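final.pdb (PDB, C-alpha atoms)
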MODEL        1
ATOM      1  CA  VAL A 298       0.000   0.000   0.000  1.00  0.00           C
ATOM      2  CA  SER A 299       1.296   3.434  -0.968  1.00  0.00           C
ATOM      3  CA  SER A 300      -0.008   6.969  -0.506  1.00  0.00           C
ATOM      4  CA  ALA A 301       1.045  10.628  -0.648  1.00  0.00           C
ATOM      5  CA  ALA A 302       0.961  13.660   1.637  1.00  0.00           C
ATOM      6  CA  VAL A 303      -1.740  16.332   2.044  1.00  0.00           C
ATOM      7  CA  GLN A 304      -1.615  19.673   0.246  1.00  0.00           C
ATOM      8  CA  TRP A 305      -1.833  22.611   2.638  1.00  0.00           C
ATOM      9  CA  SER A 306      -2.668  26.205   1.745  1.00  0.00           C
ATOM     10  CA  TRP A 307      -2.312  29.703   3.185  1.00  0.00           C
ATOM     11  CA  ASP A 308      -5.916  30.815   3.632  1.00  0.00           C
ATOM     12  CA  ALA A 309      -7.442  34.088   4.789  1.00  0.00           C
ATOM     13  CA  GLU A 310     -10.006  34.815   7.495  1.00  0.00           C
ATOM     14  CA  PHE A 311     -13.503  33.388   6.992  1.00  0.00           C
ATOM     15  CA  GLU A 312     -12.339  31.462   3.915  1.00  0.00           C
ATOM     16  CA  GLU A 313     -13.263  27.848   3.200  1.00  0.00           C
ATOM     17  CA  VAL A 314     -10.685  25.081   3.261  1.00  0.00           C
ATOM     18  CA  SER A 315      -9.952  22.957   0.210  1.00  0.00           C
ATOM     19  CA  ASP A 316     -10.915  19.302  -0.103  1.00  0.00           C
ATOM     20  CA  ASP A 317      -7.651  17.364   0.274  1.00  0.00           C
ATOM     21  CA  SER A 318      -8.144  13.635  -0.213  1.00  0.00           C
ATOM     22  CA  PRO A 319      -4.897  11.682  -0.733  1.00  0.00           C
ATOM     23  CA  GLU A 320      -5.227   8.974  -3.368  1.00  0.00           C
ATOM     24  CA  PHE A 321      -3.811   5.524  -2.634  1.00  0.00           C
ATOM     25  CA  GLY A 322      -2.129   2.820  -4.681  1.00  0.00           C
ATOM     26  CA  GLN A 323      -1.412  -0.899  -4.542  1.00  0.00           C
ATOM     27  CA  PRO A 324       1.872  -2.189  -5.987  1.00  0.00           C
ATOM     28  CA  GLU A 325       1.885  -5.936  -6.655  1.00  0.00           C
ATOM     29  CA  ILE A 326       4.783  -8.325  -7.318  1.00  0.00           C
ATOM     30  CA  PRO A 327       3.988 -11.686  -8.970  1.00  0.00           C
ATOM     31  CA  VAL A 328       5.991 -14.840  -8.276  1.00  0.00           C
ATOM     32  CA  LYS A 329       7.336 -16.653 -11.338  1.00  0.00           C
ATOM     33  CA  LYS A 330       9.180 -19.911 -11.983  1.00  0.00           C
ATOM     34  CA  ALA A 331      12.318 -21.170 -13.727  1.00  0.00           C
ATOM     35  CA  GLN A 332      13.509 -24.700 -14.456  1.00  0.00           C
ATOM     36  CA  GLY A 333      16.085 -26.855 -16.215  1.00  0.00           C
ATOM     37  CA  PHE A 334      16.391 -30.484 -17.234  1.00  0.00           C
ATOM     38  CA  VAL A 335      19.230 -32.928 -17.959  1.00  0.00           C
ATOM     39  CA  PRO A 336      18.417 -36.364 -19.436  1.00  0.00           C
ATOM     40  CA  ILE A 337      20.935 -39.211 -19.269  1.00  0.00           C
ATOM     41  CA  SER A 338      21.279 -42.803 -20.464  1.00  0.00           C
ATOM     42  CA  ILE A 339      21.585 -45.890 -18.286  1.00  0.00           C
ATOM     43  CA  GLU A 340      24.944 -47.041 -19.547  1.00  0.00           C
ATOM     44  CA  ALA A 341      26.297 -43.541 -19.181  1.00  0.00           C
ATOM     45  CA  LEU A 342      24.875 -43.441 -15.686  1.00  0.00           C
ATOM     46  CA  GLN A 343      26.588 -46.714 -14.855  1.00  0.00           C
ATOM     47  CA  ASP A 344      29.989 -46.088 -16.482  1.00  0.00           C
ATOM     48  CA  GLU A 345      30.756 -42.400 -15.924  1.00  0.00           C
ATOM     49  CA  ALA A 346      32.157 -41.657 -12.474  1.00  0.00           C
TER      50      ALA A 346
ATOM     51  CA  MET B 251      24.454 -37.244 -21.330  1.00  0.00           C
ATOM     52  CA  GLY B 252      25.656 -40.228 -23.337  1.00  0.00           C
ATOM     53  CA  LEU B 253      28.581 -42.513 -24.147  1.00  0.00           C
ATOM     54  CA  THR B 254      29.883 -40.241 -26.907  1.00  0.00           C
ATOM     55  CA  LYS B 255      33.098 -38.638 -25.722  1.00  0.00           C
ATOM     56  CA  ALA B 256      31.795 -35.098 -26.266  1.00  0.00           C
ATOM     57  CA  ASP B 257      28.569 -35.707 -24.283  1.00  0.00           C
ATOM     58  CA  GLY B 258      29.897 -37.084 -21.016  1.00  0.00           C
ATOM     59  CA  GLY B 259      32.214 -39.862 -22.161  1.00  0.00           C
ATOM     60  CA  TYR B 260      35.331 -38.158 -20.814  1.00  0.00           C
ATOM     61  CA  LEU B 261      34.322 -39.209 -17.285  1.00  0.00           C
ATOM     62  CA  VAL B 262      34.512 -42.924 -18.182  1.00  0.00           C
ATOM     63  CA  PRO B 263      37.741 -44.367 -16.723  1.00  0.00           C
ATOM     64  CA  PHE B 264      39.993 -46.495 -18.900  1.00  0.00           C
ATOM     65  CA  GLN B 265      40.079 -50.235 -18.218  1.00  0.00           C
ATOM     66  CA  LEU B 266      43.143 -52.395 -18.869  1.00  0.00           C
ATOM     67  CA  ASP B 267      43.794 -56.024 -17.960  1.00  0.00           C
ATOM     68  CA  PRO B 268      47.507 -56.643 -17.276  1.00  0.00           C
ATOM     69  CA  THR B 269      47.571 -60.370 -18.184  1.00  0.00           C
ATOM     70  CA  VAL B 270      49.565 -60.841 -21.383  1.00  0.00           C
ATOM     71  CA  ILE B 271      48.146 -63.286 -23.925  1.00  0.00           C
ATOM     72  CA  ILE B 272      50.964 -65.167 -25.639  1.00  0.00           C
ATOM     73  CA  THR B 273      50.438 -65.398 -29.392  1.00  0.00           C
ATOM     74  CA  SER B 274      53.596 -67.241 -30.471  1.00  0.00           C
ATOM     75  CA  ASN B 275      53.318 -70.643 -32.125  1.00  0.00           C
ATOM     76  CA  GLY B 276      55.932 -72.075 -29.774  1.00  0.00           C
ATOM     77  CA  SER B 277      56.963 -75.713 -29.674  1.00  0.00           C
ATOM     78  CA  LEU B 278      55.741 -78.660 -27.602  1.00  0.00           C
ATOM     79  CA  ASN B 279      57.813 -81.595 -26.368  1.00  0.00           C
ATOM     80  CA  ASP B 280      57.342 -84.405 -23.844  1.00  0.00           C
ATOM     81  CA  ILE B 281      60.854 -85.852 -23.489  1.00  0.00           C
ATOM     82  CA  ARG B 282      61.285 -84.389 -19.989  1.00  0.00           C
ATOM     83  CA  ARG B 283      58.428 -86.665 -18.872  1.00  0.00           C
ATOM     84  CA  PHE B 284      60.209 -89.910 -19.856  1.00  0.00           C
ATOM     85  CA  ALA B 285      63.873 -89.043 -19.363  1.00  0.00           C
ATOM     86  CA  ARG B 286      66.127 -89.357 -16.333  1.00  0.00           C
ATOM     87  CA  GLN B 287      66.975 -85.973 -14.797  1.00  0.00           C
ATOM     88  CA  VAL B 288      70.223 -85.965 -12.799  1.00  0.00           C
ATOM     89  CA  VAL B 289      71.738 -82.934 -11.044  1.00  0.00           C
ATOM     90  CA  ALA B 290      75.319 -81.797 -11.680  1.00  0.00           C
ATOM     91  CA  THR B 291      77.788 -79.764  -9.632  1.00  0.00           C
ATOM     92  CA  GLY B 292      80.699 -78.807 -11.898  1.00  0.00           C
ATOM     93  CA  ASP B 293      81.005 -78.737 -15.686  1.00  0.00           C
ATOM     94  CA  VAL B 294      80.946 -82.438 -16.677  1.00  0.00           C
ATOM     95  CA  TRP B 295      78.814 -85.278 -15.318  1.00  0.00           C
ATOM     96  CA  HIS B 296      80.377 -88.748 -15.118  1.00  0.00           C
ATOM     97  CA  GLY B 297      78.617 -92.066 -14.584  1.00  0.00           C
TER      98      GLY B 297
ENDMDL
END

What would the structure in this file look like if it were written as structure tokens?
Amino acid sequence: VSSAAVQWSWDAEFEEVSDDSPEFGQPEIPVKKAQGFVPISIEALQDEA
Amino acid sequence: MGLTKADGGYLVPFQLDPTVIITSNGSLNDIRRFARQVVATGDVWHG
């Protein structure tokens, strides 16, 4: 969740204030996947050290 | 991975069997099985 500050003003006497509603935001970070594969042969698996 | 030398064959250790296999024709004889075998001490044997 993110947000920002409130804007202030220098106002006179008997003067209305300004509507100051800070807007919000929602950053999101997805989770992704990586992989790798190595096939082998039986003889190779039995001979190679 | 495989048995080809470029795809993981370099890890296969060499195997050698140190028993020599004679290939000469040679010659066979059986006279030592029928002949008297004395033992000598000098250079000439006398009987």

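Selecting chain A residues within 10 Å of chain B and counting only C-alpha atoms yields residues 335, 336, 337, 338, 339, 340, 341, 342, 343, 344, 345 and 346 of chain A.
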
### Separation of CA of residue 306 in chain A from CA of residue 320 in chain A in Å
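CA of residue 306 in chain A lies 18.2 Å from CA of residue 320 in chain A.
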
Edge lengths and centre in Å to one decimal, as lines of an AutoDock Vina configuration file, is what I'm after for the box along x, y and z that holds all listed atoms of range 281-292 of chain B once 8 Å is added on each side.
center_x = 69.6
center_y = -84.4
center_z = -16.6
size_x = 38.3
size_y = 27.1
size_z = 29.9

### Message
If we count only C-alpha atoms and set the cut-off at 12 Å, which residues sit around residue 300 in chain A, ignoring sequence neighbours fewer than 5 positions away in its own chain? Please answer as a list in words.
### Response
residues 318, 319, 320, 321, 322, 323 and 324 of chain A

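Of note, CA of residue 291 in chain B and CA of residue 279 in chain B are spaced 26.1 Å apart.
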
### Message
To one decimal place in Å, what is the distance between CA of residue 317 in chain A and CA of residue 303 in chain A?
### Response
6.3 Å
